[PDB]
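In what follows, one protein chain appears twice in different forms, each by itself as structure tokens: structure 1 and structure 2.
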Structure 1
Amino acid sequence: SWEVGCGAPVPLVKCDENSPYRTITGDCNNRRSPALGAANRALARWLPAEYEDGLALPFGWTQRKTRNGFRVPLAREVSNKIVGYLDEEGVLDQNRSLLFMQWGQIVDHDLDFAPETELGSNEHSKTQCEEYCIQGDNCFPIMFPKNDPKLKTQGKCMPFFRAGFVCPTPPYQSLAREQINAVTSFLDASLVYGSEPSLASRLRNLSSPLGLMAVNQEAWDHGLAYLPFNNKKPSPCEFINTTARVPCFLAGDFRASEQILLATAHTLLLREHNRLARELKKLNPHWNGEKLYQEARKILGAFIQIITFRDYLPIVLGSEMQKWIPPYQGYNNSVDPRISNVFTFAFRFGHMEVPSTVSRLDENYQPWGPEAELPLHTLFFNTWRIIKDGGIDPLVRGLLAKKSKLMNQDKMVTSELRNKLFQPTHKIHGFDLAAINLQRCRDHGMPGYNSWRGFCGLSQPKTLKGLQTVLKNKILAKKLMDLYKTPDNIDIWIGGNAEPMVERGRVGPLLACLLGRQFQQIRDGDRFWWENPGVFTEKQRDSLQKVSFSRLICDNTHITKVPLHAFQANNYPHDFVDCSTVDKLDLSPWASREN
């Protein structure tokens, strides 16, 4: 295969330096080095790649070959013996709403994507991998360990394809494999607008001069907009219920329809851009399509940044917030804005916050219809449950009123994700997200737990007792040692997520470090950061401070009661207030008379 040898800039660079707007592609943000943070480039490395053969082959590729002396345990064996649990009772997070989980995934999709090597080329090398479990080239199968229930049910393996990667480049230098980030490293609403101008154009209402995003023309949510349907086949959203035959939504990000609440959040964000465009049309009738789009885009861009840094990261990082993301001291153009390879695994802490069910709630936040509570696994690539069952309002009430799953050392990932995950190109609700994470760490040539512990100036346990100490759990440490033999070999994803959460936070000290560092860098290293002088007026920045997720819902649904702080656990009706009481985004400071 060797898909994408390189990698050279598909969209090139057109650095119009007097432009006050971000490029779609993230190009020209850093003037010294224009390609920093741009889409379809190599993920940054904070540490060098670690491969079996020093180059491309992941640890666990060759049966014989070991890692610091010891064999690497099968991903799925780690999943079963550490990450699995049966009893969904008492697992919910008492002080975080489901929106906490959902916003994590929205942010993640803005920041990074490392899609599978793109070509089958009308080929059965896709099925050759899946059907016959033959390791080779980009087929890197997850092998089931002995006694795995799925041996009886699914055969020898789950299929897995290695992430795409950059050049054999003209020097043809001996180089480590570097995975591509297909989206813009900047927090810039790229999941709404796209990370490539082909898509970004295709997503716009251009037949109208109002700088509107294209909306669905086949269905409506009580007069409120849905995303257009992706009519490209084969559609996995139609596959999951062939009777309903409802396609996936077309969005700025490839993964928008991956699960119903993600599609829902994508719907809120789209409605908000169009709401901003027709409000700026009233204030500035002389402004043309491009100007409305770009200003709406810039505002939405800043909304995501503010909600992320003011509301979201403080409750992720807790006691470590000020240590890693201090108060803002302005655009430092020598900071690397690019998303690191390791961050893409660090931010998968989200996977342990996803509970087993999604609720639809009515206008009194009571169960909506007969089947209010749906198991998560039925909502993978599910657009019909939106179009043909009540719109997004009942789902949005669910996000405010239901709880995220709490990370728990004895109950890590729900079987809805660990056993019943649906992958868009395969036929079965039978995959393991946790196994995929461990396999993917290896694919990406991830350094081990201690390598990253070291990188964060934290202790590097070499012993059962030393690990017991860091994890504050004897049975967990013992299980990890039985499988990995050394904490050096522990795959970063399970290692970071094994660490007890920090005070007032929702991740361990190691992930706090890794997340904190990256979030500091995408702020400080962003020339279009919202707080950077000259991006917005002082007037505009005063008005942008009032924004809230609560207000987003009010302005873009038919929901009237919302809580003041949407990310904390809020029960109806005590913790809810009327939409009329919530501060608004006053757009007066955008009013451009005598232009």
Structure 2
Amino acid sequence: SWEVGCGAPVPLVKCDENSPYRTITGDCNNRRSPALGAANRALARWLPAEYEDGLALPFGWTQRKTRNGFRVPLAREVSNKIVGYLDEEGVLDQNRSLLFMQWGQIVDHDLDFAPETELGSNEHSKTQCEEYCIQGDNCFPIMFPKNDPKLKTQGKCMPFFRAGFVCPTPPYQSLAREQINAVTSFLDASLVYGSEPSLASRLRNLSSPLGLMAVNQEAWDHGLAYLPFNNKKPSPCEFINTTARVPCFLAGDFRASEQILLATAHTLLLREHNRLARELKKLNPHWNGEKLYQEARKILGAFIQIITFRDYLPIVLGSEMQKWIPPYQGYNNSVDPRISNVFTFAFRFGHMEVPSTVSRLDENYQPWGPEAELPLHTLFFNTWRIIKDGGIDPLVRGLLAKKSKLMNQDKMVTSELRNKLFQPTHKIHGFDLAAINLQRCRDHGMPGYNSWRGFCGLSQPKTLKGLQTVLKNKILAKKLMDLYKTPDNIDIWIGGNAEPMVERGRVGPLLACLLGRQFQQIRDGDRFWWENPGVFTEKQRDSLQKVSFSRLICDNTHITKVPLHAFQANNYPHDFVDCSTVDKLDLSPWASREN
């Protein structure tokens, strides 16, 4: 009767109990229960799934079954009516740089990924779905409402395919449907080294015995490396400028080339790794290839954990930081380290921090060349603007000296994402990130807004004026009640995101609780956390406290002037300093060709 049985298609590897390095897939982190946290298992559930048929079909599937007696509004309709806006004057964040958002997306892609389903195989309805807008098995199209502009221009729907789910992957019931997390739940740089060993091998240079990651052999960036090319065909990156025909970048994470600043950051992280490998061959000429790669991999992971928890989270969570992430007390093999399903929608608050333009800047942080400012929608899956427009220096400069978009109850998500998103399988710049996220909620069986308030110890509004008081916004609350009829039906994504931000934070109270818990459970339940005594010698810890994003940029670009607190809003040159001023990671405590 115990529900610890299901889970057929997945590896089952046995563990090295006293190995000092993480696995690639994440097995063997926990000893009593070793699959906890590993790639390619079911996402954790903090509250049971909720489906139209209690089983797998999403709310809004059958054009009749209500939800608690009310119909659910169209997802694109919720986008048009609440999420969009036209004017981009005055939307930026006066205290968060563009780096603030980009680190959010990079940490997201370390923690979770729920990919659409391989099925749609060598067949003929991955297109008829796209071509006739007919819901079918795993094709769940997003229908345009009346008067929606896209009707005059994109037919009747946007494509949408549901996310993959455990045990038999195309079957007959399976308790409630549960979606797969295809990466590791530990904050462990899976996005650099991969979460599957076929991929992790292919991403390394194993021809030499130096512990490096493979690098491209077609282009260079003033002698600094680029990611290798993912040569599989067809390429969404080649598709958007078939003249240039530059492929997408191959990295530890499937999403690396989705937008050019994300691809920019994947480069920094990979350059850093190789930088450690040849420094450690210097200090330790006797170390082999395996030793070098494993030991560099462990430093970049701590590097990522420290920046996340000391520089990023405090300015996300604000007044809720120490109430969810109190001081580390040591590893606790009872804590669940799995990412929750609901976490993979709470973290999509960043979609409202994405601004509508992206800049390249020159040595003095002035516009670089004639077209320094490009619209974001022309940079989805755009690699040729890296290779054939100056490499990554002008973009990293934009990350430091420009700004994130600010959350705003009357200007939620930029149209560059709300109408002009590009999706790699399809061909047009016509999609709606906002509608996707709302359709993904229901697909994942998310419980309503008020189930998660209750879950977070929060007041559960029932009326207009209750909602008006929670949202501190009477107009907005009126629109949502028109659309959903009861706060019990508000999809968690727009729900969590509609709440004003806590003090010195960048989310509201509901979302602060959700993310706060999850980051709690992923520090405390990881056997390889960096503070965990025994992972790193106490001398190594005191070197890793000096890490900075600023120093990361120094060591792996040709940028000589950077700020000291890269996450805040910094202007040139007042808040900029020289790159020998900043502090280095001192490798000497890693010298171990011991007697």
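By rigid core we mean the largest C-alpha set that fits within 1.5 Å across both forms. Numbers given to residues start at 1 and step along the sequence of structure 1. Shifts are known only where both forms have a C-alpha.
Peer 1: When the rigid core of both forms is overlaid, which of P500, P168, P314, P145 is the one whose C-alpha moves 2 angstroms or more between structure 1 and structure 2?
Peer 2: The one that shifts is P168.
Peer 1: Once both forms sit on the same rigid core, is the C-alpha displacement of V577 at or above 2 Å between structure 1 and structure 2?
Peer 2: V577 C-alpha, core-superposed: shift of less than 2 Å.
Peer 1: Quick one: core overlaid, is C15 moving 2 Å or more at the Cα between structure 1 and structure 2?
Peer 2: No, shifts by less than 2 Å.
Peer 1: Rigid-core fit: what Cα movement does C6 have between structure 1 and structure 2, in Å to one decimal?
Peer 2: Displacement of the C-alpha, rigid core superposed: 8.2 Å.
Peer 1: Once the rigid core is matched, what's the CA displacement of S121 between structure 1 and structure 2 in angstrom?
Peer 2: Superposing on the rigid core gives a C-alpha shift of 1.8 Å for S121.
Peer 1: Kindly list the runs, ordered along the sequence, of 3+ consecutive residues whose C-alpha shifts are all 2 Å or more between structure 1 and structure 2 once the two forms are aligned on their core.
Peer 2: After superposition, residues 1-12, 168-174 shift as runs.
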